[PDB]
Amino acid sequence: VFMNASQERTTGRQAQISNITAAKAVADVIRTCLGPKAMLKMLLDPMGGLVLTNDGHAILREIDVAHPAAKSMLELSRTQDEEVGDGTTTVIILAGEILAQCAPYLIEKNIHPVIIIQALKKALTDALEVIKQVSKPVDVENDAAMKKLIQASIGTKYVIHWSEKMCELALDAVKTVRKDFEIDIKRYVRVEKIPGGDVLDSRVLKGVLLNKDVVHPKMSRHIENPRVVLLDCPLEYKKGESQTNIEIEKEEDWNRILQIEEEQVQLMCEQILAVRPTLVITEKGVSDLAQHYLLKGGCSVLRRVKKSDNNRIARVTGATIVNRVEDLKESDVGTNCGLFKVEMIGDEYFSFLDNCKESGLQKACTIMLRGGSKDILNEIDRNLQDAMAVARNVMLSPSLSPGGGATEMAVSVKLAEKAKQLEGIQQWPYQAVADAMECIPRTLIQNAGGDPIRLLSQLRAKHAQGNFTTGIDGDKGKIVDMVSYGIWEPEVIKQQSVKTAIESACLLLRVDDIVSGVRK
Amino acid sequence: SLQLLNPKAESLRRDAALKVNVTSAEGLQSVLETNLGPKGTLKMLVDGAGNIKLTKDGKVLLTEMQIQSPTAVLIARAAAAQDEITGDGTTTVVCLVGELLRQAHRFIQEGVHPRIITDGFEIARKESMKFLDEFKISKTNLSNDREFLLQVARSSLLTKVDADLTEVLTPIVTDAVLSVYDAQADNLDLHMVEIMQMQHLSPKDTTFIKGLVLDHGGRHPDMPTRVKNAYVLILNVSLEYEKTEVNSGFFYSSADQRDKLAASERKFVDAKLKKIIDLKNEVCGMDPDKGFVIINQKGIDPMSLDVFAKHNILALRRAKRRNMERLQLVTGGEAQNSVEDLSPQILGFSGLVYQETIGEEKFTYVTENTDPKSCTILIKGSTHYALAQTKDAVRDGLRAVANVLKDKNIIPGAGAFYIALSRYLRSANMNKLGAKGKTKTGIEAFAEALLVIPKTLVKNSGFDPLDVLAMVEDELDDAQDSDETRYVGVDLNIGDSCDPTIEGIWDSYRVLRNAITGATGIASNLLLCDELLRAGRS
Amino acid sequence: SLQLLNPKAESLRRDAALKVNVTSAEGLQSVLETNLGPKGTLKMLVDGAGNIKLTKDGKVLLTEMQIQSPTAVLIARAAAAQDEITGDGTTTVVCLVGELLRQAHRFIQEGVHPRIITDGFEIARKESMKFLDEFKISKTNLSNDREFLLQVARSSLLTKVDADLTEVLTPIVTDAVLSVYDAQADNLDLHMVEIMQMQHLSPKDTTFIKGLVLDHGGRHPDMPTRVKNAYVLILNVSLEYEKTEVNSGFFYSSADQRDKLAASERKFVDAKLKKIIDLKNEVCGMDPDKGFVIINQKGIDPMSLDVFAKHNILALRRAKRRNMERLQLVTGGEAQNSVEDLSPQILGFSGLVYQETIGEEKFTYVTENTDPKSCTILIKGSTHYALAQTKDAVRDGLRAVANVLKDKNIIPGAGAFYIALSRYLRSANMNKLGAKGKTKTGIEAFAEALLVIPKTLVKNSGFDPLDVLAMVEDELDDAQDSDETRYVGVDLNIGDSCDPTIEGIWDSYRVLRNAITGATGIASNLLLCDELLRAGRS
Ligand SMILES: Nc1ncnc2c1ncn2[C@@H]1O[C@H](COP(=O)(O)OP(=O)(O)O)[C@@H](O)[C@H]1O
Ligand SMILES: Nc1ncnc2c1ncn2[C@@H]1O[C@H](COP(=O)(O)OP(=O)(O)O)[C@@H](O)[C@H]1O
Ligand SMILES: Nc1ncnc2c1ncn2[C@@H]1O[C@H](COP(=O)(O)OP(=O)(O)O)[C@@H](O)[C@H]1O
Ligand SMILES: [Mg+2]
Ligand SMILES: [Mg+2]
Ligand SMILES: [Mg+2]
């Protein structure tokens, strides 16, 4: 025989037919996961957990497909999630259609897969132009419009009923992380969960939330003005780096060796008491003896705190990451701490750190979630990532594109009108771009239960005459303009949807053959 | 769409995903339907070898029997998470999600959308939160009514155990909870109240001890057993040998250096014992009448136990982290870890310290304190499952009664809350509400689903559930016009209505609040899901 | 307990047997309800041999697909008895049993016994007969109008095929029962019509033939296919060599006797055929345009075909048993077995007889009869499955139009009887109760279970069932505000009420009788079933 190949070489036209059918199959799984009346999806992972959601990205993380063309479609959700954080299902559902509409031609009119690519870049160049023209700017400092902008994505989720609280929850969190350009990052956004409780009393509080309690019982559970000092090192005597081997000759040496173990922990504790802190947060563990004299000054000792939770404390309290204790000064000590208090919950203890609230480093915060169960917490946490992702685009880009499919439908109309004046060989793939852009409103009408035949016919008749902000009401299923409807989305999500969907088609269209089982 | 992608997979969609969530809900509901109520059936769980553990708590049934269905694991986390923080309302969450799905599924078959149905549950839930403010009643804690706490304790204990165990175990909880209330009004359950296992005469012989009981005693025979006035001392220092960070050989040259060096090795222990002797010299007066006891968190060397035995000092080693955080509350002293700085102020006080042993184990009892800020509940039992049954009963009883002191309100039970919400949702004017369209049946579905809980109590007694609500409905029709505010109940003894205000049946506030909130979230999320699938690498 | 008797046995009792009965009925309902109405979907019964067949009747779907569940076997047997005696309404039986078990199980979960539930169905069933006999209307069939039979046939055939084929085929059904009628004896036979399977132009190119059509052609080429006037002659004895029953053999003495003994068999052939030749010239000798055809059930000797070919005699063989009754009804002849007695009176008459060569076979067509009491229907099609589809359509459509002549009463369709029967079974004041608060639970369950038929039609059309029924209950109520019989229906084109009578939709009287009677009996016995068992020897 010959090399590890040639099992069944899918070559010629049938290879591309399987890819268009495979790419269409990925969109059919989450066809119902779009619009305000979207259905949820419970996926069963093989480890033992469960993922309850409707986001296309979180659905496609858990699924596993043994096909190489569908896996490239699987990776597009990571492009959208780790770029903005909203519209992942929009990316997957649009590309499917682009690959599908271009297929008739590939299969029958024999246009080679390179001429379609040249047609799409001019469509991509024109798509950014009309998306730039259709979008209207909006003021960033208007809190009334910002709340309606944040809740546009929440409306397609379960917590639309609590949208009055989530917009206030997300707006306060984004402004805390926002640095005075206007760059923010979600790594300090703490996703700590508390099972049980009501969503109404759930609120954001400035500062951190630990899972641990104090070590000694005599520690003060209520401090007016805490002074936090971060420690990295072990506060206990440690073995040390080199090969050591003390050799003891006299009887007065072993008690001296055990006595210097007590005096070294005294020396590091006494220099900590030069500034007299109230709360000492150590990264690594703590000894039972050093804690005892940390007590003889008025400090408070905690268990080992992982690094992550200390970098947030450094920005909240204003302290610095300190390992060498001999170089401890008064300037690097945290201050302006609001309040200290420990609540009793049956799961674990929880220590609260509040801030005085009154440029410098960006402040961190922890968002309290009080759901119904464990899956409700993970469901609501992903909604905050989808809701807070919307708040970044308006700050980075003041443009605001219309929602409800009006933006993509505007791309469909202009590409359809300009396709007549684009006479040549590029006309057939260029006109097929509009056929897929008019599907993302078609999916909303199908989920709403209406007839998309007459609605889209009524849409195109009023889109040219009425206005550029016309769209479909997902709840009622009638034509309602986005100006009166009062729901808007950013323009950045529309750019990534058009760019990622077209750029994905240019990769997959160049596939000629599929050969499986070569080597590792 | 999934078969050409994945060569092996399973997919249910648009009719089986709805039937699975309802069928699994009705299946899991039938398991815990019979356990709900006072006359419910017990349930044992014997896993591998035949370990036996007996309880009626739905959390123990769910978190011990492995389950394969994808719906029930969310009901397991929901029933567990609600009980883990609140301590009560486990089966109530399963019955609501167990009933609200089947009560909505009949209308899904009629063709109503799942989105607008769950929209009706959410706006109906907000009406129940507004109804909790008017339905609850204010209670002032300054009165310090012990009879009110006794009736709350019998609500949960009558459900788990019979009247013989309830009457003897009820004042054990009331005496423990009576000390919780103080001027600071800060509740503390885990540190203050504890549970300890002890195989003894019977479950009925459970008694209350005001001080901290310990599961260890004096190792040496000559050390004193009983002490009248024992001043405790807390020391977290370890008095056995300390190994010493890389320190190696006591390189000895002649044979004598050896003796010398062993003696040396001890010197570290005697340096710490001398501080205890110096402390005993300050409190040496009335040495035969008074006494001294040392409690260590880490182990004590057996060579040093003879030092304490000669001075008649009681020794206790290897205590828990929680007990060191409780000696200050019981004895009133202060904690210490090192031996350099000592004083007589940190020493506690105890009026009676005695030890009693059975078989190989030995227990140390402390009680008769001057002003004890904490206490314990030493439960007696025969078998291991008897302790597990008392574990869940005391664990659920303390959390239920403790929540009454957290807030200034209490909710009457016995179906009064569910029957009141039925008339409220079925008689309230819809024009005041903001819901329109096909939200007509969503109000009726959730309002009618609450009725199945109070008749599940009747299903365990064997009476006709529909007939014992006839006079209940007729009572409320005349109660509104009679100008008399009363709340009806469901008495299973005679099969007739009752008043929970005089009978003493009560329920906590956050149980019913968190139950409907957790149940409505889980039931809504299961309705909107229209497809099930399994895929992943393994 | 059953395991002690037979370890290999199983038993589900009192909760698992009820879920099996309801889930199997709902599972059978969810699959088979889609065929109800004109907008229903087509099923492809693809067996292991690759045989494809299109149909919408529930009888043939359940006959080919073997049923594994024990509950659905009882429902399939009910559809068999429904299709056997009536031939229509199988989809209504499975939907009524599924809905009755659904609506009943809704109340069994509320703590109601199955006995009084089934007692209410029987009182509700008897109440419907007292409503049905007043709801029907009487018409005079003596006029034999074609317009009423066409619209009645169009209502039954629209539920099998689309509109353009129904308009072509709906005159074929009305032409089936033209001459088959007897006023005094009230005898009407359905089996006299003959269904021939053949491949031709298209299904939409079929046509009605007045006389009989046989599937046998002329063996010899010399005999004439075109015959202007034919006198039929019925034979039943076989003209070929029949071994003498009593074993025998020709032992010839010499070679000269061989051909003579061969001629002995020729004498018996010529003996019985000489009377046939004498029968021909008895009527008239040398008469052009007057043939003579012979129809024999058994085979014909190929040696004797030369005798029939010389005299221009059409001979057919291997005819069917039931066709012997159809010859005398069409041609007006008389059946004969032997040839001992012959006459011109026993012979029939035919105005036109011709043959057509279609493929490798030839079909004999006999038309132009004077007063034929029977006819036939050619089932032409473009495939194998269209023949079975059109055969089931005719066999289901013949019973709907034949019942109009068996009993003059006829019920309007379009869900009019189910909608009108819902209101009548709401409040039984003091007519037939039997007990207080017991029978009325079954009256409510039976009334709500009958309205699934018009809702299922709306679900297939793709509109909301509650919205289109809101105007409908409303229409009926406004009608009541006038004391007038305005029968309302369900139009699936626009989603609005319509008159069943004016528009053109009817149902047979015996369909609703056996459907409600059969569904109520099966729904009652399955509710009474509390335990399923299996036992036997493998
Ligand atoms: N209320 C609404 N009515 C109509 N269309 C909507 C509505 N909300 C969102 N959409 C449409 O759904 C698309 C996706 O929005 P969203 O659900 O927030 O993102 P994702 O697809 O990531 O869940 C948008 O392109 C928008 O046009
Ligand atoms: N003796 C009783 N009389 C009337 N109602 C009772 C009695 N005991 C318990 N109940 C009712 O049973 C319900 C469930 O009680 P409990 O066992 O504390 O919660 P769960 O069953 O959810 O664990 C409560 O709503 C309570 O009103
Ligand atoms: N054109 C129509 N419009 C409305 N209802 C119809 C129509 N045709 C049939 N039906 C309804 O369908 C029911 C069953 O008819 P049919 O489908 O012929 O029998 P089966 O369901 O046994 O095949 C009848 O009760 C009738 O009311
Ligand atoms: Mg979104
Ligand atoms: Mg309880
Ligand atoms: Mg029919």
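Those sequence lines, one after another, are chains S, C and B. Throughout, my numbering is defined as the position within the first sequence, counted from one, plus 8. Throughout, my numbering is defined as the position within the second sequence, counted from one, plus 467. Throughout, my numbering is defined as the position within the third sequence, counted from one, plus 467. Don't be surprised by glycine CBs; every beta carbon is placed ideally from N, CA and C.
Beta carbon of residue i nearer than 9 Å to that of residue j
i, j, result
"residue 971(C)", "residue 622(C)", "yes"
"residue 922(B)", "residue 594(B)", "no"
"residue 672(B)", "residue 847(B)", "yes"
"residue 556(B)", "residue 981(B)", "yes"
"residue 924(B)", "residue 624(B)", "no"
"residue 648(C)", "residue 872(C)", "yes"
"residue 991(B)", "residue 585(B)", "yes"
"residue 790(B)", "residue 816(B)", "no"
"residue 559(B)", "residue 543(B)", "no"
"residue 486(C)", "residue 509(C)", "no"
Heavy atom of ligand 6 within 8 Å of residue i beta-carbon
i, result
"residue 626(B)", "yes"
"residue 587(C)", "no"
Amino acids of chain S, ordered along the chain, whose beta-carbon sits closer than 8 Å to that of residue i
i, result
"residue 996(C)", "47, 48, 49, 50 and 60"
Proximity test, residue i beta-carbon vs ligand 3 heavy atom, cut-off 8 Å
i, result
"residue 870(B)", "no"
Closer than 8 Å: residue i CB and nearest ligand 4 heavy atom
i, result
"residue 494(S)", "no"
"residue 623(C)", "no"
Cβ-based burial, residue i [other Cβ within 10 Å; buried from 16]
i, result
"residue 964(B)", "buried"
"residue 909(C)", "buried"
"residue 230(S)", "exposed"
"residue 10(S)", "exposed"
Residue i: CB within 8 Å of a non-hydrogen atom of ligand 5
i, result
"residue 863(C)", "yes"
"residue 507(C)", "no"
Proximity test, residue i beta-carbon vs ligand 2 heavy atom, cut-off 8 Å
i, result
"residue 566(C)", "no"
Near ligand 1: residue i beta-carbon under 8 Å from a heavy atom
i, result
"residue 452(S)", "yes"
"residue 62(S)", "yes"
Residue i: contacting residues in chain C (beta-carbon distance under 9 Å)
i, result
"residue 64(S)", "Going along chain C, no residue has its Cβ under 9 Å from residue 64(S), so there is no contact; the nearest lies around 13 Å."
Proximal residues of chain C, C-beta to C-beta of residue i below 8 Å
i, result
"residue 25(S)", "Simply none; closest approach about 11 Å."
Interface residues of chain S facing residue i [CB-CB closer than 7 Å]
i, result
"residue 732(C)", "262"
"residue 715(C)", "253, 254 and 255"
Cross-chain neighbours of residue i in chain C, by beta carbon under 7 Å
i, result
"residue 171(S)", "In chain order: nothing, as chain C lies at least about 11 Å away."
"residue 1006(B)", "Because chain B is modelled from 468 through 1005, residue 1006(B) falls outside the range shown and cannot be assessed."
"residue 75(S)", "472"
Cross-chain neighbours of residue i in chain B, by beta carbon under 9 Å
i, result
"residue 926(C)", "578"
Handout entry: Length at least 3, wholly inside the stretch 831–876 of chain C: the beta strand (DSSP E) runs in chain order
Key = 843–845
Handout entry: Unbroken stretches of the beta strand (DSSP E), 3 residues or longer, contained in the stretch 888–921 of chain C
Key = none
Exercise for the section: Please list the segments of the alpha helix (DSSP H) lying wholly inside the stretch 347–435 of chain S, counting only runs of 4 or more residues, in order along the chain. Expected result: 382–404 and 414–428
Exercise for the section: Starting from the N-terminal side, write out each stretch of the beta strand (DSSP E) that is 3 residues or longer and does not extend beyond the stretch 9–95 of chain S. Expected result: 48–52 and 59–61
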